[PDB]
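J.: If you scroll down you'll find the structure; I have some questions about it.
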Amino acid sequence: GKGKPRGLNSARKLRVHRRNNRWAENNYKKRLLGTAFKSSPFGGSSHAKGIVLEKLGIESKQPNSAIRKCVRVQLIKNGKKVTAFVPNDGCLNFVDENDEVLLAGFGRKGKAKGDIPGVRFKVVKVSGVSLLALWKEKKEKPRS
Amino acid sequence: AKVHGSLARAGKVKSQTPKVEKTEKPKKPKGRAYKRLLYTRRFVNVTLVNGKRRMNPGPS
Amino acid sequence: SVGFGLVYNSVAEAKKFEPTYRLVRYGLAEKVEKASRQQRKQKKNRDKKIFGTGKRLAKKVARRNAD
Amino acid sequence: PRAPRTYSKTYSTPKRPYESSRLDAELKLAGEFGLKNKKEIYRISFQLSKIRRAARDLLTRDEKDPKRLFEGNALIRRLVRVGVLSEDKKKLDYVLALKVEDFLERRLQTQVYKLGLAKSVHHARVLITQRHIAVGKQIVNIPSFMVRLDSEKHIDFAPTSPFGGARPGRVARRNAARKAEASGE
RNA sequence: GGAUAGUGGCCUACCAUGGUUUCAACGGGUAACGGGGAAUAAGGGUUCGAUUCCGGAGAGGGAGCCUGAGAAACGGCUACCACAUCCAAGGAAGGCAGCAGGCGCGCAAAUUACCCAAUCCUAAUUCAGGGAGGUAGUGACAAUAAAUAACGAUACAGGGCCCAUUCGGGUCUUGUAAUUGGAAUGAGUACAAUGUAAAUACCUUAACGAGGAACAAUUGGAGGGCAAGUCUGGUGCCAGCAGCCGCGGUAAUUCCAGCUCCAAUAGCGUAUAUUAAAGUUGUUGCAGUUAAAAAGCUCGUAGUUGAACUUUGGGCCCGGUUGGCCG
RNA sequence: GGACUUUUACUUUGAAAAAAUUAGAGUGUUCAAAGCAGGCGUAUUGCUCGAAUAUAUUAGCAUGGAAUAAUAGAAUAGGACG
RNA sequence: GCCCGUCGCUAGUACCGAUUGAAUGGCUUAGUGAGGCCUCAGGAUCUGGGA
Ligand SMILES: [Mg+2]
Ligand SMILES: [Mg+2]
Ligand SMILES: [Mg+2]
Ligand SMILES: [Mg+2]
Ligand SMILES: [Mg+2]
Ligand SMILES: [Mg+2]
Ligand SMILES: [Mg+2]
Ligand SMILES: [Mg+2]
Ligand SMILES: [Mg+2]
Ligand SMILES: [Mg+2]
Ligand SMILES: [Mg+2]
Ligand SMILES: [Mg+2]
Ligand SMILES: [Mg+2]
Ligand SMILES: [Mg+2]
Ligand SMILES: [Mg+2]
Ligand SMILES: [Mg+2]
Ligand SMILES: [Mg+2]
Ligand SMILES: [Mg+2]
Ligand SMILES: [Mg+2]
Ligand SMILES: [Mg+2]
Ligand SMILES: [Mg+2]
Ligand SMILES: [Mg+2]
Ligand SMILES: [Mg+2]
Ligand SMILES: [Mg+2]
Ligand SMILES: [Mg+2]
Ligand SMILES: [Mg+2]
Ligand SMILES: [Mg+2]
Ligand SMILES: [Mg+2]
Ligand SMILES: [Mg+2]
Ligand SMILES: [Mg+2]
Ligand SMILES: [Mg+2]
Ligand SMILES: [Mg+2]
Ligand SMILES: [Mg+2]
Ligand SMILES: [Mg+2]
Ligand SMILES: [Mg+2]
Ligand SMILES: [Mg+2]
Ligand SMILES: [Mg+2]
Ligand SMILES: [Mg+2]
Ligand SMILES: [Mg+2]
C-alpha cells in the first residue's frame with residue numbers, strides 16, 4: 001500500500017502522524033509557536049504607531065541604483081526599533097525627527113519588499129494625517 | 001548596504017515637473033446612463049475594425 | 001391609511017380603560033407634568049439621607065449657627 | 001438581548017476579475033435591460049445559482065421522493081408564477097436549464113417597456129423611480145419588481161402623476177404661470 | 001464516628017497498601033470560559049466562536065461571614081494586602097467587568113440626553129419602582145433597496161434599400177452634434193395631518209425646489225499576470241515605481257503630469273489574519289532510484305494487520321407499492 | 001409468576017429531544033434584506049387559512065437484520081441431555 | 001566562462017557570556033499571624049436558674 005496504515009482501527013496512528021507532520025507547515029508552526037506575539041515588531045497586529053528617530057537613506061539592491069528614503073521608528077507599545085519606507089516622491093519632507101507615525105506591513109507576510117534591504121514596513125500617517133492626503137495636498141500637517 | 005545616503009534630493013522630480021492645469025471638459029453622466037454610453041460605444045454603433053478592434057487608439 | 005379603533009360603551013368606560021397618554025391627546029385628561037425623571041430620582045436619594053420627618057434636624061442644625 | 005435581526009447578501013462576484021468575454025457579455029445585458037450595475041447582473045446570477053443548486057439536489061433523490069415531489073413542485077410553481085419558466089417545460093430539468101435573461105425579462109423595468117408605454121428601457125427606469133406606473137392603485141418605484149404573470153395585465157400609469165390624469169405637474173404648471181402672468185393680468 | 005440538607009477521604013481515628021500510565025498517565029503551554037453556532041461552498045475538509053440564546057465563573061486581590069427559603073452576596077458586612085478620598089490631624093469614609101461619562105492603554109470602539117408608551121420583572125401590589133428595557137443622539141461594523149437623468153426637432157455625415165443612364169438624399173432609424181424645444185422628478189426646504197410617552201425620522205402631502213456656475217462620483221489602474229495607449233510634456237540608474245516578473249543611465253508602453261482609455265461604483269484602495277485555489281498535510285488523495293525524503297543491519301514489545309471451512313439448496317402459502325393494458 | 005441466559009462490533013428503524021441560526025413551505029414587507037404575518041365580507045356590531053417540514057451524526061436508550069470481523073464451547077472429560 | 005574560502009567595509013538578526021545579573025506571574029516550606037465563626041470562661045445591667 002506504500003506506507004500509510006489502511007486498517008479500520010488505525011485512526012489514532014493516522015491522526016498522530018498528521019499532527020507530527022503539520023509542523024513542516026511554515027504557516028501552521030508560526031501559528032502555534034506564537035511567533036507573531038513573540039518576535040515580530042508589531043504585536044501580531046495590523047499596524048503599529050511609533051516615533052521617528054532618524055531619517056535614513058537606504059541604498060537600493062541590485063540591479064537597481066537608488067537611495068530609498070526611510071525612517072527609523074521606535075514603536076510606542078514596544079520600544080522595539082524599526083526602519084520603515086516613506087512611499088512616493090517627496091514625502092520624506094513630510095516627516096521630521098520625533099514625529100509620530102503609523103506603520104503598516106508591506107504585504108509580503110513579513111519579508112522585505114523589492115529592492116529595499118531590511119525594510120519590512122512602510123509609513124501610512126504622520127502627526128495623525130496620512131501621507132497620501134499630504135501628497136495629493138488635500139490636507140496639511142498639524143501645528144506642533 | 002549603505003544606510004546614510006543623501007537626502008537632499010527628496011521630491012526632486014515632482015517639484016520640477018511643470019504644472020499644467022486640468023482642462024474643463026463635458027461632464028460624464030454617472031450611473032446607468034454611463035453603462036448606456038459604454039454600450040452604444042462598444043456594441044451598437046461600433047467604430048473601427050482595422051483588423052480587430054481598439055479602445056484607446058491615438059495616431060492610428 | 002390603515003389604523004385601529006376602539007369604541008367604549010360609555011365615556012365613563014373609556015376614561016378608565018384608556019391609556020392616560022391617549023386621554024391627553026383627545027382632551028379628556030390633563031397632562032399633569034412633573035419634575036424631570038432624574039430630578040425626581042435625585043430628590044429620592046437626598047431624601048434617603050434623612051431618618052424621620054426632618055424638622056427635628058432643622059432645629060438641631062439651627063443650633064450649629066452658634067458654634 | 002433582543003433576537004438578532006437576520007440578514008444576508010443578495011449577490012456574488014466573479015472569481016476571475018478581468019475576463020473580456022464575460023465583461024462584454026455582461027455589458028450587453030446592462031445595455032439591454034437598463035441596468036446600472038454589474039451587480040444587477042451579479043445579483044441574478046446568484047439567485048439562479050441557488051435555484052439551480054436546489055434543483056441539482058432534488059434531482060439526485062429518487063423519482064417521486066416526498067421532499068423532491070413537495071419541494072420541487074413548490075419551486076416550479078414559484079418560477080411559473082412570475083413567467084420565468086414556460087408552461088411546457090414545467091418539470092425542473094429545465095429549471096436546471098434556465099438562463100439569466102429569462103429572469104431579467106420579467107423585471108417591472110422591462111415589462112413597463114415591452115408593451116410600449118415607455119419606448120426605451122431607460123425611459124422605463126426614469127418613469128418607475130418617479131412615481132408613475134402602478135400595479136393596483138399601488139404605486140411601484142422599484143425597477144426590479146419582477147412582474148408576476150397575473151399583474152402583467154395591470155401594469156399601467158398611476159391615477160396620480162401626469163400621463164395618468166390627475167394633474168399636469170409643477171414644472172409644467174410653472175410655465176402656465178408664465179403664460180397667464182405675461183400675456184394677461 | 002464526626003460533620004453536612006444529604007452520599008462521599010468531606011474530615012478524624014484505627015487498619016491495610018493501594019490508585020493512574022505508550023489505548024500517553026503526570027507535568028508544561030494556551031495571546032482557553034464551554035455550548036447553540038460563524039467563515040470558506042464538488043466532496044472530504046480547514047479556521048474561528050470575548051460577543052444578542054443556554055450553562056459556568058467573577059465583581060481590584062485573597063479569606064471570612066451576618067441575614068435569609070436561597071449568597072460564601074460585594075450597587076452586604078469583617079480582616080489583611082494593593083489602590084485611594086475628605087479633615088479643624090482628633091478622625092471619617094470609597095470598590096462602574098450596571099447606565100452614561102473621564103483618565104490610561106493602544107491600530108482598535110458612541111450621549112454625562114428622553115420615557116416607563118411597549119416588552120416584561122418585583123413589592124403589601126391594576127396604581128409605586130425598574131440606565132431591566134424601550135426612545136432618540138453619535139455611527140460608511142456588517143446587510144437591503146438603488147438618484148446623479150429621460151424624450152422629441154434641426155444642421156450637415158452615414159450605413160440601409162428600391163433606381164443608378166450618373167446628380168442623389170428621403171423614409172424606416174444607427175448615431176456623432178459648441179444654436180434649439182417643451183416635459184418628469186426627489187435631494188432639499190416646508191403648511192398640515194400622520195407618526196410618537198413627548199419629540200425626531202419615515203409613509204402621506206399644500207406651497208417651494210434642474211440646465212452645465214450643476215443639485216457638477218468616486219477609488220484605483222492602463223508593460224506582463226490583468227480589463228485599458230508604444231499619445232504629449234517632464235526627469236535622466238536621479239527622483240520615484242514595482243505583492244511577483246521587472247522599469248528608470250535623454251526618443252521611459254512602467255516614474256512625475258496633461259490627454260484619452262479600463263475595472264468595480266456609493267463606494268473603491270492599503271495593512272494584518274484566515275478560508276478557497278492546495279492532491280504544497282494527501283482518510284477521500286501526495287511524494288521518497290537520480291528533484292526534499294527508506295534507519296548500516298537483523299531481532300523484537302507496544303501498535304496496526306492476519307488463509308480457507310460450520311443452513312445451503314429445493315417446495316408451499318400470505319398480504320403489501322409502484323407500472324402497464326384495459327375504466 | 002417461577003426457573004436460566006457466552007460476550008462484542010456493524011447496520012436498520014424509532015423514541016427522547018430549545019429557541020434563534022441553517023435548509024426549506026406558505027404570505028406580493030410597493031421591491032428586497034426582513035417579518036410571521038395575513039386573507040375574505042354585510043367594511044353597522046364578523047368571517048377565516050396560518051404560524052409547516054428537513055437536518056439534528058458521537059455517546060446513552062428502544063426495535064429489526066444475522067452478511068462481514070471478532071469472543072466463548074468437550075480432550076487428564078471436572079462434557080452433554082433424563 | 002563559471003566559481004571557493006580566509007582577509008577588509010556598512011547594516012541587520014539570533015547565539016555564548018563575568019555580573020550566583022534583573023523583571024513579571026503561579027504555586028510553596030518554615031516562622032509570625034488579622035478577622036469572623038464555633039467553644040471554656042466573664043458579668044457593665046436586668047429580669048424571672050434565664051437573658
Ligand atoms: Mg525538519
Ligand atoms: Mg531578480
Ligand atoms: Mg540605523
Ligand atoms: Mg422616578
Ligand atoms: Mg422614605
Ligand atoms: Mg471510610
Ligand atoms: Mg504505599
Ligand atoms: Mg503522545
Ligand atoms: Mg483566558
Ligand atoms: Mg475555542
Ligand atoms: Mg461563547
Ligand atoms: Mg479575552
Ligand atoms: Mg457570585
Ligand atoms: Mg477594574
Ligand atoms: Mg495566594
Ligand atoms: Mg464577596
Ligand atoms: Mg449585584
Ligand atoms: Mg478638632
Ligand atoms: Mg460605566
Ligand atoms: Mg458597581
Ligand atoms: Mg471602528
Ligand atoms: Mg411603573
Ligand atoms: Mg388607592
Ligand atoms: Mg437606559
Ligand atoms: Mg451628485
Ligand atoms: Mg444641473
Ligand atoms: Mg482618475
Ligand atoms: Mg491586456
Ligand atoms: Mg521626451
Ligand atoms: Mg513619456
Ligand atoms: Mg501615465
Ligand atoms: Mg472587490
Ligand atoms: Mg475514505
Ligand atoms: Mg509534493
Ligand atoms: Mg536525494
Ligand atoms: Mg537501505
Ligand atoms: Mg478470515
Ligand atoms: Mg437515527
Ligand atoms: Mg424549527
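Each chain in the C-alpha cells gets a letter, A, B, ..., in the order shown, and its residues are numbered from 1; ligands are numbered from 1 in order too.
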Going by DSSP on the backbone, which residues of stretch 30-117 of chain A come out as strand (DSSP E or B)? List them as a PyMOL selection string.
T.: chain A and resi 47-59+67-75+81-85+100-105
J.: Can I get the selected residues back with N, CA and C atoms, as an mmCIF file, in the first residue's frame?
T.:
data_model
loop_
_atom_site.group_PDB
_atom_site.id
_atom_site.type_symbol
_atom_site.label_atom_id
_atom_site.label_comp_id
_atom_site.auth_asym_id
_atom_site.auth_seq_id
_atom_site.Cartn_x
_atom_site.Cartn_y
_atom_site.Cartn_z
ATOM 1 N N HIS A 47 -1.220 47.262 12.219
ATOM 2 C CA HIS A 47 -0.367 48.438 12.152
ATOM 3 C C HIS A 47 0.308 48.619 13.494
ATOM 4 N N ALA A 48 1.274 49.522 13.582
ATOM 5 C CA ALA A 48 1.742 49.976 14.888
ATOM 6 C C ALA A 48 2.167 51.417 14.799
ATOM 7 N N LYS A 49 1.999 52.160 15.883
ATOM 8 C CA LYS A 49 2.414 53.553 15.877
ATOM 9 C C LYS A 49 3.732 53.763 16.621
ATOM 10 N N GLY A 50 4.665 54.504 16.036
ATOM 11 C CA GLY A 50 5.945 54.711 16.684
ATOM 12 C C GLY A 50 6.413 56.150 16.628
ATOM 13 N N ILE A 51 7.697 56.372 16.894
ATOM 14 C CA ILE A 51 8.251 57.725 16.897
ATOM 15 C C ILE A 51 9.493 57.793 16.028
ATOM 16 N N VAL A 52 9.640 58.879 15.278
ATOM 17 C CA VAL A 52 10.688 58.925 14.279
ATOM 18 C C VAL A 52 12.008 59.319 14.916
ATOM 19 N N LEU A 53 12.966 58.398 14.862
ATOM 20 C CA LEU A 53 14.271 58.587 15.484
ATOM 21 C C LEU A 53 15.249 59.257 14.542
ATOM 22 N N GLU A 54 15.439 58.720 13.348
ATOM 23 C CA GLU A 54 16.265 59.415 12.370
ATOM 24 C C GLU A 54 15.808 59.069 10.979
ATOM 25 N N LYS A 55 16.095 59.963 10.035
ATOM 26 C CA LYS A 55 15.816 59.751 8.614
ATOM 27 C C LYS A 55 16.991 59.071 7.932
ATOM 28 N N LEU A 56 16.758 57.880 7.378
ATOM 29 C CA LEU A 56 17.788 57.113 6.687
ATOM 30 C C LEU A 56 17.684 57.236 5.191
ATOM 31 N N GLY A 57 18.806 57.059 4.503
ATOM 32 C CA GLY A 57 18.840 56.999 3.059
ATOM 33 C C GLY A 57 19.385 55.646 2.676
ATOM 34 N N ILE A 58 18.508 54.649 2.569
ATOM 35 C CA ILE A 58 18.916 53.258 2.316
ATOM 36 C C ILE A 58 19.245 53.050 0.859
ATOM 37 N N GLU A 59 20.454 52.594 0.584
ATOM 38 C CA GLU A 59 20.827 52.346 -0.803
ATOM 39 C C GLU A 59 20.225 51.025 -1.347
ATOM 40 N N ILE A 67 18.602 55.805 -3.930
ATOM 41 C CA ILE A 67 18.526 55.996 -2.498
ATOM 42 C C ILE A 67 17.075 55.927 -2.076
ATOM 43 N N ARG A 68 16.727 54.909 -1.292
ATOM 44 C CA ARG A 68 15.340 54.707 -0.881
ATOM 45 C C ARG A 68 15.095 55.382 0.446
ATOM 46 N N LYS A 69 14.293 56.436 0.458
ATOM 47 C CA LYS A 69 14.101 57.204 1.685
ATOM 48 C C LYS A 69 13.334 56.412 2.725
ATOM 49 N N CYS A 70 13.839 56.378 3.956
ATOM 50 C CA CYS A 70 13.227 55.570 5.018
ATOM 51 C C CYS A 70 13.223 56.278 6.361
ATOM 52 N N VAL A 71 12.632 55.671 7.384
ATOM 53 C CA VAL A 71 12.759 56.220 8.738
ATOM 54 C C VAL A 71 12.944 55.135 9.812
ATOM 55 N N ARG A 72 13.869 55.362 10.749
ATOM 56 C CA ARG A 72 13.919 54.556 11.965
ATOM 57 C C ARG A 72 12.885 55.067 12.956
ATOM 58 N N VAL A 73 12.064 54.130 13.409
ATOM 59 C CA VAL A 73 10.897 54.405 14.217
ATOM 60 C C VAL A 73 10.928 53.520 15.449
ATOM 61 N N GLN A 74 10.664 54.108 16.607
ATOM 62 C CA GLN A 74 10.611 53.300 17.805
ATOM 63 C C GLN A 74 9.178 53.086 18.164
ATOM 64 N N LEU A 75 8.770 51.825 18.265
ATOM 65 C CA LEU A 75 7.357 51.505 18.400
ATOM 66 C C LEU A 75 6.932 51.867 19.797
ATOM 67 N N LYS A 81 12.765 48.823 17.948
ATOM 68 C CA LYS A 81 13.154 49.757 16.897
ATOM 69 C C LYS A 81 12.959 49.168 15.484
ATOM 70 N N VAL A 82 12.529 50.012 14.555
ATOM 71 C CA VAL A 82 12.200 49.539 13.213
ATOM 72 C C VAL A 82 12.530 50.570 12.125
ATOM 73 N N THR A 83 13.005 50.116 10.962
ATOM 74 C CA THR A 83 13.131 51.057 9.856
ATOM 75 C C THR A 83 11.976 50.872 8.860
ATOM 76 N N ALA A 84 11.396 51.985 8.415
ATOM 77 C CA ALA A 84 10.237 51.934 7.520
ATOM 78 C C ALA A 84 10.387 52.866 6.317
ATOM 79 N N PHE A 85 9.715 52.507 5.244
ATOM 80 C CA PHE A 85 9.872 53.213 3.993
ATOM 81 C C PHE A 85 8.842 54.327 3.910
ATOM 82 N N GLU A 100 5.372 61.461 15.307
ATOM 83 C CA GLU A 100 4.587 60.246 15.455
ATOM 84 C C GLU A 100 4.270 59.706 14.073
ATOM 85 N N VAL A 101 4.433 58.413 13.839
ATOM 86 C CA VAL A 101 3.977 57.843 12.573
ATOM 87 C C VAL A 101 3.290 56.508 12.757
ATOM 88 N N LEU A 102 2.477 56.168 11.774
ATOM 89 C CA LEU A 102 1.706 54.954 11.797
ATOM 90 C C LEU A 102 2.249 54.001 10.743
ATOM 91 N N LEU A 103 2.906 52.943 11.200
ATOM 92 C CA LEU A 103 3.495 51.951 10.320
ATOM 93 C C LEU A 103 2.527 50.829 9.983
ATOM 94 N N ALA A 104 2.668 50.259 8.789
ATOM 95 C CA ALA A 104 1.932 49.075 8.401
ATOM 96 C C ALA A 104 2.907 48.155 7.712
ATOM 97 N N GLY A 105 2.475 46.920 7.486
ATOM 98 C CA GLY A 105 3.288 45.936 6.799
ATOM 99 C C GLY A 105 3.377 46.242 5.327
#
J.: Between chain B and chain A, at 12 Å or less, what are the per-residue closest atom pairs and their distances in Å? Count only C-alpha atoms, order by chain and rising residue number, and return it as a tab-separated table.
T.:
residue	atom	partner	partner_atom	distance
B:1	CA	A:59	CA	6.4
B:2	CA	A:59	CA	5.6
B:3	CA	A:58	CA	4.4
B:4	CA	A:57	CA	4.9
B:5	CA	A:57	CA	4.5
B:6	CA	A:57	CA	6.2
B:7	CA	A:57	CA	6.3
B:8	CA	A:93	CA	9.8
B:9	CA	A:90	CA	8.4
B:10	CA	A:90	CA	4.8
B:11	CA	A:90	CA	3.4
B:12	CA	A:90	CA	7.2
B:13	CA	A:89	CA	7.5
B:14	CA	A:89	CA	6.4
B:15	CA	A:90	CA	8.3
B:16	CA	A:89	CA	11.3
B:17	CA	A:89	CA	11.7
J.: For chain F against chain D, which residues fall within 8 Å using only C-alpha atoms (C1' of nucleotides), given as a list in words?
T.: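 Listing them in order of chain and number gives residues 20, 24, 25, 30, 31, 33 and 34 of chain F.
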J.: 10 Å from ligand 16 is the threshold here; counting only C-alpha atoms (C1' of nucleotides) and all ligand atoms, which polymer residues fall inside it? Answer as a ChimeraX atom specification.
T.: /E:58-59,63-65,71-74,76-77
J.: Select the residues contacting ligand 7 at a distance of at most 12 Å, based on only C-alpha atoms (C1' of nucleotides) and all ligand atoms, then format the selection as a PyMOL selection string.
T.: chain E and resi 16-19
J.: Only N, CA, C and O atoms (P, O5', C5', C4', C3', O3' and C1' of nucleotides), please: the residues just picked out, written as a PDB file, in the first residue's frame.
T.:
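selection.pdb was written with the following content:
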ATOM      1  P     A E  16      -1.634  -2.357  59.682  1.00  0.00           P
ATOM      2  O5'   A E  16      -2.042  -2.519  58.150  1.00  0.00           O
ATOM      3  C5'   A E  16      -2.588  -3.739  57.703  1.00  0.00           C
ATOM      4  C4'   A E  16      -3.259  -3.608  56.367  1.00  0.00           C
ATOM      5  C3'   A E  16      -2.364  -3.285  55.199  1.00  0.00           C
ATOM      6  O3'   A E  16      -1.621  -4.407  54.788  1.00  0.00           O
ATOM      7  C1'   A E  16      -4.353  -2.034  55.051  1.00  0.00           C
ATOM      8  P     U E  17      -0.198  -4.218  54.088  1.00  0.00           P
ATOM      9  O5'   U E  17      -0.562  -3.480  52.728  1.00  0.00           O
ATOM     10  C5'   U E  17      -1.189  -4.176  51.659  1.00  0.00           C
ATOM     11  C4'   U E  17      -1.461  -3.249  50.512  1.00  0.00           C
ATOM     12  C3'   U E  17      -0.218  -2.848  49.713  1.00  0.00           C
ATOM     13  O3'   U E  17      -0.526  -2.660  48.330  1.00  0.00           O
ATOM     14  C1'   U E  17      -1.251  -0.925  50.598  1.00  0.00           C
ATOM     15  P     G E  18      -0.880  -3.882  47.337  1.00  0.00           P
ATOM     16  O5'   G E  18      -2.334  -3.517  46.845  1.00  0.00           O
ATOM     17  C5'   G E  18      -2.502  -2.469  45.927  1.00  0.00           C
ATOM     18  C4'   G E  18      -3.554  -1.525  46.405  1.00  0.00           C
ATOM     19  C3'   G E  18      -4.019  -0.526  45.365  1.00  0.00           C
ATOM     20  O3'   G E  18      -5.054  -1.060  44.558  1.00  0.00           O
ATOM     21  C1'   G E  18      -3.395   0.619  47.330  1.00  0.00           C
ATOM     22  P     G E  19      -4.988  -0.924  42.968  1.00  0.00           P
ATOM     23  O5'   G E  19      -5.231   0.623  42.735  1.00  0.00           O
ATOM     24  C5'   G E  19      -6.514   1.201  42.859  1.00  0.00           C
ATOM     25  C4'   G E  19      -6.458   2.658  42.498  1.00  0.00           C
ATOM     26  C3'   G E  19      -5.899   2.980  41.120  1.00  0.00           C
ATOM     27  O3'   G E  19      -6.863   2.908  40.107  1.00  0.00           O
ATOM     28  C1'   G E  19      -4.801   4.298  42.696  1.00  0.00           C
TER      29        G E  19
END
J.: Could you please extract the residues within 10 Å of ligand 36, counting only C-alpha atoms (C1' of nucleotides) and all ligand atoms, and hand them back as a list in words?
T.: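 Protein and nucleic-acid residues within 10 Å of ligand 36: residues 294, 295, 296 and 297 of chain E.
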J.: Limited to N, CA, C and O atoms (P, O5', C5', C4', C3', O3' and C1' of nucleotides), could you put the picked residues into a file as a PDB file, in the first residue's frame?
T.:
ATOM      1  P     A E 294      16.494   9.197   3.428  1.00  0.00           P
ATOM      2  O5'   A E 294      15.310   8.205   3.057  1.00  0.00           O
ATOM      3  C5'   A E 294      15.515   7.000   2.369  1.00  0.00           C
ATOM      4  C4'   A E 294      15.485   5.838   3.310  1.00  0.00           C
ATOM      5  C3'   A E 294      16.114   4.612   2.698  1.00  0.00           C
ATOM      6  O3'   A E 294      16.682   3.851   3.756  1.00  0.00           O
ATOM      7  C1'   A E 294      13.876   4.142   3.178  1.00  0.00           C
ATOM      8  P     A E 295      17.921   4.455   4.576  1.00  0.00           P
ATOM      9  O5'   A E 295      17.450   4.350   6.086  1.00  0.00           O
ATOM     10  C5'   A E 295      17.202   5.494   6.894  1.00  0.00           C
ATOM     11  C4'   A E 295      17.780   5.245   8.259  1.00  0.00           C
ATOM     12  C3'   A E 295      18.685   4.022   8.313  1.00  0.00           C
ATOM     13  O3'   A E 295      19.752   4.315   9.170  1.00  0.00           O
ATOM     14  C1'   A E 295      17.037   3.817   9.942  1.00  0.00           C
ATOM     15  P     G E 296      21.161   4.565   8.499  1.00  0.00           P
ATOM     16  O5'   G E 296      21.598   3.100   8.067  1.00  0.00           O
ATOM     17  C5'   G E 296      21.994   2.811   6.739  1.00  0.00           C
ATOM     18  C4'   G E 296      22.739   1.503   6.673  1.00  0.00           C
ATOM     19  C3'   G E 296      21.990   0.255   7.159  1.00  0.00           C
ATOM     20  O3'   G E 296      21.148  -0.328   6.161  1.00  0.00           O
ATOM     21  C1'   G E 296      24.118   0.347   8.182  1.00  0.00           C
ATOM     22  P     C E 297      19.663  -0.866   6.512  1.00  0.00           P
ATOM     23  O5'   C E 297      19.891  -2.321   7.098  1.00  0.00           O
ATOM     24  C5'   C E 297      20.768  -3.213   6.450  1.00  0.00           C
ATOM     25  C4'   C E 297      21.260  -4.264   7.389  1.00  0.00           C
ATOM     26  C3'   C E 297      20.199  -4.957   8.204  1.00  0.00           C
ATOM     27  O3'   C E 297      19.523  -5.946   7.460  1.00  0.00           O
ATOM     28  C1'   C E 297      21.963  -4.328   9.615  1.00  0.00           C
TER      29        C E 297
END
J.: Based on only C-alpha atoms (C1' of nucleotides), which of the residues in chain G come within 12 Å of chain A? I want them as a list in words.
T.: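 Using only C-alpha atoms (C1' of nucleotides), chain G residues at most 12 Å from chain A: residues 10, 11, 12, 13 and 14 of chain G.
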J.: Using only C-alpha atoms, select each residue of chain B with any atom at most 9 Å away from an atom of chain D, and give the selection as a ChimeraX atom specification.
T.: /B:31-40,42-43
J.: Grab the residues selected above and save them as an mmCIF file, in the first residue's frame with C-alpha atoms.
T.:
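For reference, selection33.cif as written:
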data_model
loop_
_atom_site.group_PDB
_atom_site.id
_atom_site.type_symbol
_atom_site.label_atom_id
_atom_site.label_comp_id
_atom_site.auth_asym_id
_atom_site.auth_seq_id
_atom_site.Cartn_x
_atom_site.Cartn_y
_atom_site.Cartn_z
ATOM 1 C CA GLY B 31 -24.876 55.682 -13.133
ATOM 2 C CA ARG B 32 -26.914 53.620 -15.664
ATOM 3 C CA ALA B 33 -26.522 56.343 -18.320
ATOM 4 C CA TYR B 34 -22.787 55.659 -18.257
ATOM 5 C CA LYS B 35 -23.246 51.957 -18.837
ATOM 6 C CA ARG B 36 -25.641 53.092 -21.561
ATOM 7 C CA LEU B 37 -22.960 55.213 -23.191
ATOM 8 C CA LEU B 38 -20.462 52.362 -22.837
ATOM 9 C CA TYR B 39 -22.868 50.020 -24.613
ATOM 10 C CA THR B 40 -23.538 52.174 -27.636
ATOM 11 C CA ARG B 42 -18.750 49.220 -27.609
ATOM 12 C CA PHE B 43 -21.529 47.426 -29.488
#
J.: Dump the neighbourhood of ligand 10 as a PyMOL selection string: all residues within 12 Å, distances computed on only C-alpha atoms (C1' of nucleotides) and all ligand atoms.
T.: chain E and resi 30+32-35+37+47-50
J.: Counting only C-alpha atoms (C1' of nucleotides), which residues from chain A have an atom at most 10 Å from any atom of chain E, and could you show them as a PyMOL selection string?
T.: chain A and resi 5-15+17-25+32-34+36-38+42-49+63-68+76-77+87-90+102-109+113-115+121-122+124
J.: Leaving out stretch 92-100 of chain D and any residue of its chain fewer than 2 positions from it, which residues lie within 9 Å of it when counting only C-alpha atoms (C1' of nucleotides), given as a list in words?
T.: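 In the requested format, the answer is residues 41, 44, 45, 48, 51, 52, 53, 55, 56, 59, 72, 73, 75, 76, 79, 84, 85, 89, 90, 102, 103, 104 and 105 of chain D.
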J.: Taking only C-alpha atoms (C1' of nucleotides) and all ligand atoms into account, which residues have an atom no farther than 8 Å from ligand 24? I'd like them as a list in words.
T.: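 Sorted by chain and then by number, the residues are residues 99, 131 and 133 of chain E.
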